[PDB]
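To start, the structure itself, in structure tokens.
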2 protein chains.
Amino acid sequence: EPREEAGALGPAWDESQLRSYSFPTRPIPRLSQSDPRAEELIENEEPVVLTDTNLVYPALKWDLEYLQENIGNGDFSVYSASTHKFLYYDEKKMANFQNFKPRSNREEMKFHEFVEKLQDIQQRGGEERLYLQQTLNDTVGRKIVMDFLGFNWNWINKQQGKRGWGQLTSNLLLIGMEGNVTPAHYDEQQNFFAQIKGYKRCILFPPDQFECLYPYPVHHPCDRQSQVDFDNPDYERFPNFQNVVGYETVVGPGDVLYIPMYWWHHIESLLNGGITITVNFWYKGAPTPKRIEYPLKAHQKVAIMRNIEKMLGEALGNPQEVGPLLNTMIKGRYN
Amino acid sequence: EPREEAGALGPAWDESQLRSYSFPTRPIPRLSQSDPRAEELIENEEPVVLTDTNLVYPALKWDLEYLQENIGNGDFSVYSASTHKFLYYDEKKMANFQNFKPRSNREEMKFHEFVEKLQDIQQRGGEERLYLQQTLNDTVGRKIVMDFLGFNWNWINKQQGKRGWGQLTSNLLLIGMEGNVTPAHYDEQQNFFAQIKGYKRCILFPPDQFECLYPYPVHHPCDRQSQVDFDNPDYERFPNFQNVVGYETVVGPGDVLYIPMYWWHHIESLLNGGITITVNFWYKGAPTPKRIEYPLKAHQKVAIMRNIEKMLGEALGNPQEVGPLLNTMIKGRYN
Ligand SMILES: [O][C]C1=C([N+2](=O)=O)[C]=C(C2=NOC(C3=[C]N=C(C(=O)[N][C]C([O])=O)C([O])=[C]3)=[C]2)[C]=[C]1
Ligand SMILES: [O][C]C1=C([N+2](=O)=O)[C]=C(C2=NOC(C3=[C]N=C(C(=O)[N][C]C([O])=O)C([O])=[C]3)=[C]2)[C]=[C]1
Ligand SMILES: [Mn+2]
Ligand SMILES: [Mn+2]
């Protein structure tokens with residue numbers, strides 16, 4: 001249901017820019033930040049697209065040319081992938097899984113090198129894909145600092161206070177190539193996803209879909225990522241992926257998506273849609289109330305499972321024995 | 001390989017008194033307490049039958065007539081079972097499993113009532129089976145106190161000190177009917193099993209046979225007992241019971257069996273062999289050394305599994321959700 005750009009500029013996107021998947025989806029509500037329904041969704045830990053926060057308004061003019069001049073000469077972390085899927089891996093956990101071979105590489109370089117490398121790929125017509133991820137701090141140039149200070153800190157700080165969240169833990173500038181895919185994963189923090197340039201399709205799954213999405217072992221370098229290849233799902237290894245249902249939206253410049261903590265998200269930059277720019281705001285979650293409500297939420301059950309996997313790895317002295325012990329505990333007893 | 005009683009009194013037992021099972025066994029060593037091999041077995045947490053401890057020497061004269069006179073008028077806990085299998089259940093845990101129906105009953109009665117009830121069953125030729133289990137304390141009569149004080153406390157106290165064990169946690173007098181079976185289970189304490197009257201076949205399994213013996217969930221009333229019916233094993237529910245190998249011995253009057261903590265034991269009173277009397281000594285285990293050796297023993301892995309089941313039940317607020325969460329953690333991730 002592509003929205004129409006103002007001034008009769010045509011549809012913002014067409015469906016042929018969206019990749020094809022096996023599961024059904026329904027739309028995330030697009031609302032005004034003044035609408036009480038938006039506040040109710042955020043308070044209830046459910047996603048919403050806010051259309052008028054002005055959260056990153058001064059950055060709406062950002063593009064590669066403007067950024068290259070004013071971001072200054074600093075090292076920016078650039079990730080590379082041969083396929084459209086970008087596979088992040090925790091280097092610290094690579095020791096436990098010696099047979100793991102990384103499929104993405106990170107290279108620190110200046111902004112001009114990133115722009116030239118991106119243009120070079122297009123000039124060659126190649127299939128190498130790139131992804132820049134860098135924190136918005138004082139190291140950037142003065143003009144970017146002015147834009148950064150111009151974010152709607154009043155709106156987001158009030159959101160932090162009202163929801164009882166913790167501290168702003170990270171702020172990442174995010175520049176990607178058309179067709180790039182960040183595969184399904186979850187984060188342990190609250191996120192506001194502020195779209196700046198281009199369009200990104202965001203597909204979210206509630207925390208109770210844990211059984212349908214098959215995350216890696218906690219000690220694996222791909223911890224918190226789904227094991228299921230969304231392009232070629234292995235229903236024999238992952239039967240419950242046949243039951244997964246998602247919440248889908250396409251975010252464009254000016255939109256902010258609240259991704260609640262522990263919610264799975266799959267994010268792709270629209271095919272043939274140009275480069276994308278996003279700024280992400282992550283906040284530590286609110287502390288658990290000491291008065292535990294025993295129904296118990298899915299995200300709390302996820303936290304329990306993570307803690308058990310972590311404790312078991314420490315107690316056995318080797319995270320690779322977690323699986324055999326768990327199977328010993330369950331087979332013929334709980335299954 | 002039935003031993004011959006002294007004075008040409010014939011074989012102590014014949015094989016037709018031993019029940020038939022599906023698994024193979026090998027013999028537990030029968031040794032003198034002065035033999036260094038016996039000390040090495042106890043120190044290494046392996047079973048041994050000691051033939052000459054004199055641990056319960058003054059009780060070797062005990063029988064039903066002598067006990068009835070001198071034990072005095074007190075209440076003794078008598079357990080009843082319709083079948084030869086005695087199913088102990090933890091009454092405290094019965095709340096968690098409402099669908100559990102107990103198969104044994106406990107009734108407090110005086111010693112004369114126990115003797116008459118036992119004789120009554122034989123007079124009727126009935127199939128009701130009975131089992132008396134009572135602590136050796138000051139409540140018993142003066143003559144039983146003299147016998148109790150006459151146990152080889154010097155030998156057993158030295159064993160407690162040498163092995164670093166904790167305190168004598170329980171001392172149970174154990175009187176049963178011929179054919180009685182205590183099904184396979186494990187205890188979390190060190191045990192000396194002092195046979196007094198009649199013969200008992202003891203079948204022990206090392207702690208690493210956990211996977212072949214399928215204990216109940218920790219929160220189940222039958223916690224620490226094997227789910228496998230040794231008389232009719234369900235190989236579909238319990239495939240690894242086809243791999244179980246045990247250590248077997250027949251203990252008679254004067255023998256003491258060390259049952260190391262966490263070792264599975266199945267104990268039966270020989271068919272057509274008369275009543276049996278045993279006194280059990282349980283000691284708390286030695287504290288774990290702070291210098292953990294990372295190979296890690298099977299009994300330590302059992303303790304870890306028990307702790308995880310207990311913690312999970314508390315965290316979820318309902319022990320019946322332990323199974324579904326464990327399966328959620330494992331399916332498609334560790335299995
Ligand atoms: O505990 C502090 C803390 C820190 N820290 O140390 O400051 C860093 C992180 C963090 N590290 O990485 C990400 C991340 C997550 N998700 C995405 C994503 O989903 N991108 C798709 C798209 O299109 O937006 C991402 O790009 C980065 C977050 C989290 C917590
Ligand atoms: O933590 C203190 C503590 C206490 N406490 O509270 O003092 C009681 C027990 C205890 N409770 O029951 C038994 C028991 C175990 N095993 C057998 C058995 O295997 N019998 C077969 C046979 O033929 O010997 C048994 O008869 C009783 C032991 C354990 C620890
Ligand atoms: Mn994320
Ligand atoms: Mn026992």
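Please note that chains go A, B, ... in the order of the structure tokens, that every chain numbers its residues from 1, and that ligands are numbered from 1 in the order shown.
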
With 8 Å as the limit and counting only C-alpha atoms, what residues in chain B lie close to chain A? Please list them as a PyMOL selection string.
chain B and resi 210-211+214-217+237-238+294+296+301+304-305+308+315-317+323-335

Same residues, N, CA, C and O atoms, saved as a CSV table (one decimal), in the first residue's frame:
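The file below, out-v8.csv, is the result:
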```csv
chain,number,residue,atom,x,y,z
B,210,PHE,N,22.8,-41.7,34.2
B,210,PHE,CA,21.7,-40.9,34.3
B,210,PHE,C,20.8,-40.9,33.0
B,210,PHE,O,19.6,-41.0,33.1
B,211,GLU,N,21.5,-40.9,31.8
B,211,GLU,CA,20.8,-40.9,30.6
B,211,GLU,C,20.0,-42.2,30.3
B,211,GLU,O,19.1,-42.2,29.5
B,214,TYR,N,16.6,-42.3,33.3
B,214,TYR,CA,15.4,-41.4,33.2
B,214,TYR,C,14.7,-41.1,34.5
B,214,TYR,O,13.5,-41.4,34.7
B,215,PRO,N,15.4,-40.4,35.4
B,215,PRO,CA,14.7,-39.9,36.6
B,215,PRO,C,13.5,-39.0,36.3
B,215,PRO,O,13.4,-38.4,35.3
B,216,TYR,N,12.6,-39.0,37.3
B,216,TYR,CA,11.5,-38.1,37.2
B,216,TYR,C,11.9,-36.7,37.3
B,216,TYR,O,13.0,-36.4,37.7
B,217,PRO,N,11.0,-35.7,36.9
B,217,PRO,CA,11.3,-34.3,37.1
B,217,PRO,C,11.6,-34.0,38.6
B,217,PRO,O,11.0,-34.7,39.4
B,237,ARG,N,9.8,-45.1,25.1
B,237,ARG,CA,9.9,-43.9,25.9
B,237,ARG,C,11.4,-43.8,26.5
B,237,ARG,O,11.9,-42.7,26.7
B,238,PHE,N,12.0,-44.9,26.7
B,238,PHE,CA,13.3,-45.0,27.4
B,238,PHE,C,14.3,-45.8,26.6
B,238,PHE,O,14.8,-46.8,27.1
B,294,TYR,N,38.3,-29.3,36.1
B,294,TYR,CA,37.4,-29.1,35.0
B,294,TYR,C,37.0,-30.3,34.1
B,294,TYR,O,36.0,-30.2,33.4
B,296,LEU,N,35.3,-32.6,35.3
B,296,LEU,CA,34.0,-32.6,35.9
B,296,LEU,C,33.4,-34.0,36.0
B,296,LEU,O,33.4,-34.7,35.0
B,301,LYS,N,27.6,-33.0,37.5
B,301,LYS,CA,26.7,-32.7,36.4
B,301,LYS,C,25.2,-33.0,36.8
B,301,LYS,O,24.3,-32.3,36.4
B,304,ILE,N,24.2,-30.0,39.0
B,304,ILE,CA,23.9,-28.9,38.1
B,304,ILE,C,22.5,-29.0,37.5
B,304,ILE,O,21.7,-28.0,37.5
B,305,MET,N,22.2,-30.2,37.0
B,305,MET,CA,20.9,-30.4,36.4
B,305,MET,C,19.7,-30.2,37.4
B,305,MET,O,18.7,-29.5,37.1
B,308,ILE,N,19.3,-26.4,38.1
B,308,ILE,CA,18.6,-25.7,37.0
B,308,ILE,C,17.1,-26.0,37.0
B,308,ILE,O,16.3,-25.1,36.9
B,315,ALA,N,11.6,-19.5,39.2
B,315,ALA,CA,11.5,-18.3,38.3
B,315,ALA,C,10.2,-18.2,37.5
B,315,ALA,O,9.7,-17.1,37.4
B,316,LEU,N,9.7,-19.3,37.0
B,316,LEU,CA,8.5,-19.3,36.3
B,316,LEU,C,7.3,-19.3,37.2
B,316,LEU,O,6.2,-18.9,36.6
B,317,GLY,N,7.4,-19.5,38.5
B,317,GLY,CA,6.3,-19.5,39.4
B,317,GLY,C,5.4,-20.8,39.3
B,317,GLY,O,4.5,-20.8,40.1
B,323,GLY,N,9.1,-28.0,31.8
B,323,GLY,CA,9.3,-28.8,30.6
B,323,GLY,C,9.1,-28.0,29.3
B,323,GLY,O,10.0,-28.0,28.5
B,324,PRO,N,8.0,-27.3,29.2
B,324,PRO,CA,7.8,-26.4,28.0
B,324,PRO,C,8.9,-25.4,27.8
B,324,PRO,O,9.4,-25.2,26.6
B,325,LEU,N,9.5,-24.8,28.8
B,325,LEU,CA,10.5,-23.8,28.6
B,325,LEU,C,11.8,-24.5,28.2
B,325,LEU,O,12.5,-24.1,27.3
B,326,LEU,N,12.2,-25.6,28.9
B,326,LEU,CA,13.3,-26.4,28.5
B,326,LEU,C,13.2,-26.8,27.0
B,326,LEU,O,14.2,-26.6,26.2
B,327,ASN,N,12.1,-27.3,26.6
B,327,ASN,CA,11.9,-27.7,25.2
B,327,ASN,C,12.1,-26.5,24.2
B,327,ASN,O,12.7,-26.6,23.2
B,328,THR,N,11.5,-25.3,24.6
B,328,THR,CA,11.7,-24.1,23.9
B,328,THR,C,13.2,-23.8,23.7
B,328,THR,O,13.6,-23.3,22.7
B,329,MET,N,14.0,-24.0,24.8
B,329,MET,CA,15.4,-23.6,24.8
B,329,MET,C,16.2,-24.5,23.8
B,329,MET,O,17.2,-24.1,23.3
B,330,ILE,N,15.7,-25.8,23.7
B,330,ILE,CA,16.6,-26.8,23.0
B,330,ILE,C,16.2,-27.0,21.5
B,330,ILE,O,17.1,-27.1,20.7
B,331,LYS,N,14.9,-27.1,21.3
B,331,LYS,CA,14.4,-27.5,19.9
B,331,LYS,C,14.9,-26.6,18.8
B,331,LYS,O,14.7,-25.4,18.8
B,332,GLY,N,15.6,-27.2,17.9
B,332,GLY,CA,16.2,-26.5,16.8
B,332,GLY,C,17.4,-25.6,17.1
B,332,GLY,O,17.9,-24.9,16.2
B,333,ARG,N,17.9,-25.7,18.4
B,333,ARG,CA,19.0,-24.9,18.8
B,333,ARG,C,20.1,-25.7,19.4
B,333,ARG,O,21.3,-25.5,19.0
B,334,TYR,N,19.8,-26.7,20.2
B,334,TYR,CA,20.8,-27.6,20.7
B,334,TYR,C,20.6,-29.1,20.4
B,334,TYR,O,21.4,-29.9,20.7
B,335,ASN,N,19.5,-29.4,19.8
B,335,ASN,CA,19.2,-30.8,19.5
B,335,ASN,C,19.3,-31.1,18.0
B,335,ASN,O,19.9,-30.4,17.2
```

Contacts of residue A:319 at 7 Å or less, counting only C-alpha atoms, minus same-chain residues fewer than 3 places along, as a PyMOL selection string?
chain A and resi 96+219+313+322

Write the residues of the selection above to a file with C-alpha atoms, as a PDB file, in the first residue's frame.
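Contents of selection.pdb, as written:
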```pdb
ATOM      1  CA  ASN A  96      34.151 -21.012  21.636  1.00  0.00           C
ATOM      2  CA  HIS A 219      27.675 -18.572  23.214  1.00  0.00           C
ATOM      3  CA  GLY A 313      28.528 -22.633  30.097  1.00  0.00           C
ATOM      4  CA  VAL A 322      25.751 -26.851  27.086  1.00  0.00           C
TER       5      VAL A 322
END
```

Neighbours of ligand 1 at 6 Å or closer, counting only C-alpha atoms and all ligand atoms: which residues, as a list in words?
residues 169, 170, 182 and 267 of chain A

Write a file of the just-selected residues containing C-alpha atoms, as an mmCIF file, in the first residue's frame.
```cif
data_model
loop_
_atom_site.group_PDB
_atom_site.id
_atom_site.type_symbol
_atom_site.label_atom_id
_atom_site.label_comp_id
_atom_site.auth_asym_id
_atom_site.auth_seq_id
_atom_site.Cartn_x
_atom_site.Cartn_y
_atom_site.Cartn_z
ATOM 1 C CA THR A 169 23.250 3.484 25.539
ATOM 2 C CA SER A 170 24.186 4.021 21.884
ATOM 3 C CA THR A 182 20.139 -7.104 8.179
ATOM 4 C CA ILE A 267 15.442 -4.742 8.043
#
```

Identify, on the basis of only C-alpha atoms, every residue whose closest approach to residue B:175 does not exceed 7 Å; exclude the query and any residue fewer than 5 positions from it along the same chain; express the result as a list in words.
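Listing them by chain and then by number gives residues 131, 132, 133, 276, 277 and 278 of chain B.
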
Export of the given selection (N, CA and C atoms) as a PDB file, in the first residue's frame:
```
ATOM      1  N   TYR B 131       6.490 -52.756  54.838  1.00  0.00           N
ATOM      2  CA  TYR B 131       7.863 -52.283  54.979  1.00  0.00           C
ATOM      3  C   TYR B 131       7.956 -51.325  56.156  1.00  0.00           C
ATOM      4  N   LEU B 132       8.766 -51.668  57.157  1.00  0.00           N
ATOM      5  CA  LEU B 132       8.953 -50.828  58.337  1.00  0.00           C
ATOM      6  C   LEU B 132      10.259 -50.053  58.216  1.00  0.00           C
ATOM      7  N   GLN B 133      10.197 -48.743  58.467  1.00  0.00           N
ATOM      8  CA  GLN B 133      11.362 -47.862  58.381  1.00  0.00           C
ATOM      9  C   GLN B 133      11.315 -46.913  59.570  1.00  0.00           C
ATOM     10  N   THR B 276      13.676 -59.563  55.955  1.00  0.00           N
ATOM     11  CA  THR B 276      15.005 -58.974  55.920  1.00  0.00           C
ATOM     12  C   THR B 276      15.080 -57.826  56.912  1.00  0.00           C
ATOM     13  N   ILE B 277      16.261 -57.642  57.491  1.00  0.00           N
ATOM     14  CA  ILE B 277      16.537 -56.527  58.384  1.00  0.00           C
ATOM     15  C   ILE B 277      17.836 -55.877  57.934  1.00  0.00           C
ATOM     16  N   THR B 278      17.828 -54.551  57.847  1.00  0.00           N
ATOM     17  CA  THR B 278      18.997 -53.773  57.478  1.00  0.00           C
ATOM     18  C   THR B 278      19.004 -52.506  58.319  1.00  0.00           C
TER      19      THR B 278
END
```

Residue contacts of stretch 150-158 of chain A (7 Å, only C-alpha atoms) excluding same-chain residues fewer than 5 positions away, as a PyMOL selection string
chain A and resi 54-58

Could you save the residues just selected, with N, CA and C atoms, as a PDB file, in the first residue's frame?
```pdb
ATOM      1  N   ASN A  54       9.872  14.873  14.222  1.00  0.00           N
ATOM      2  CA  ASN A  54      10.998  15.756  13.907  1.00  0.00           C
ATOM      3  C   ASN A  54      12.259  15.349  14.660  1.00  0.00           C
ATOM      4  N   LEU A  55      12.349  14.061  15.001  1.00  0.00           N
ATOM      5  CA  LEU A  55      13.449  13.582  15.830  1.00  0.00           C
ATOM      6  C   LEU A  55      14.795  13.865  15.182  1.00  0.00           C
ATOM      7  N   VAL A  56      14.928  13.602  13.884  1.00  0.00           N
ATOM      8  CA  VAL A  56      16.202  13.838  13.209  1.00  0.00           C
ATOM      9  C   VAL A  56      16.032  14.868  12.101  1.00  0.00           C
ATOM     10  N   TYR A  57      15.124  15.826  12.306  1.00  0.00           N
ATOM     11  CA  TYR A  57      14.806  16.815  11.273  1.00  0.00           C
ATOM     12  C   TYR A  57      16.031  17.459  10.629  1.00  0.00           C
ATOM     13  N   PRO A  58      17.025  17.965  11.372  1.00  0.00           N
ATOM     14  CA  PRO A  58      18.171  18.609  10.701  1.00  0.00           C
ATOM     15  C   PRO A  58      18.984  17.669   9.835  1.00  0.00           C
TER      16      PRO A  58
END
```

Quick one: residues within 12 Å of ligand 4, with only C-alpha atoms and all ligand atoms, as a count of residues only?
38

If you count only C-alpha atoms, which residues fall within 10 Å of residue A:64, apart from same-chain ones fewer than 6 positions away, as an mmCIF file with N, CA and C atoms, in the first residue's frame?
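Listing of result.cif after writing:
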```cif
data_model
loop_
_atom_site.group_PDB
_atom_site.id
_atom_site.type_symbol
_atom_site.label_atom_id
_atom_site.label_comp_id
_atom_site.auth_asym_id
_atom_site.auth_seq_id
_atom_site.Cartn_x
_atom_site.Cartn_y
_atom_site.Cartn_z
ATOM 1 N N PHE A 111 35.789 8.662 5.413
ATOM 2 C CA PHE A 111 34.506 8.764 4.728
ATOM 3 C C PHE A 111 34.680 8.819 3.216
ATOM 4 N N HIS A 112 35.729 9.498 2.743
ATOM 5 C CA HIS A 112 35.963 9.566 1.304
ATOM 6 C C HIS A 112 36.239 8.182 0.728
ATOM 7 N N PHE A 114 35.056 5.371 1.882
ATOM 8 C CA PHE A 114 33.770 4.687 1.832
ATOM 9 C C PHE A 114 32.951 5.129 0.624
ATOM 10 N N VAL A 115 32.911 6.436 0.351
ATOM 11 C CA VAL A 115 32.144 6.931 -0.791
ATOM 12 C C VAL A 115 32.724 6.397 -2.095
ATOM 13 N N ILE A 175 24.519 3.900 7.268
ATOM 14 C CA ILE A 175 24.472 4.177 5.833
ATOM 15 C C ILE A 175 24.684 2.870 5.085
ATOM 16 N N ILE A 275 20.910 4.631 -1.853
ATOM 17 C CA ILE A 275 21.495 4.461 -0.531
ATOM 18 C C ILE A 275 20.465 4.823 0.534
ATOM 19 N N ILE A 277 19.971 5.979 4.752
ATOM 20 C CA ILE A 277 20.583 6.542 5.946
ATOM 21 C C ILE A 277 19.576 6.443 7.080
#
```

Considering only C-alpha atoms, state which residue in the set A:244, A:196, A:286, A:251 is at the smallest distance from residue A:59.
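When distances to residue A:59 are compared using only C-alpha atoms, the smallest one comes from A:196.
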
Give me the residues near residue A:143 as a list in words, where near means some atom within 10 Å (using only C-alpha atoms) and where sequence neighbours in that chain fewer than 6 positions away do not count.
residues 66, 67, 69, 70, 71, 72 and 149 of chain A

Given the choices B:246, B:179, B:102, B:206, which gets closest to residue B:271 if the distance is worked out from only C-alpha atoms?
B:179

Nearest to ligand 2 by atom-to-atom distance, counting only C-alpha atoms and all ligand atoms, from B:20, B:134, B:307, B:44:
B:134

Show which residues sit within 10 Å of residue A:139, as a PyMOL selection string. Count only C-alpha atoms, and ignore same-chain residues fewer than 3 positions away.
chain A and resi 71-75+135-136+142+144-145

Expected answer as a PyMOL selection string: strand (DSSP E or B) residues in stretch 72-264 of chain B:
chain B and resi 76-81+85+104-109+129-135+168-176+181-185+190-197+200-205+215+225-226+246-251+256-259+264

Residue set, stretch 172-303 of chain A restricted to alpha helix (DSSP H), as a VMD selection string:
chain A and resid 210 to 213 298 to 303
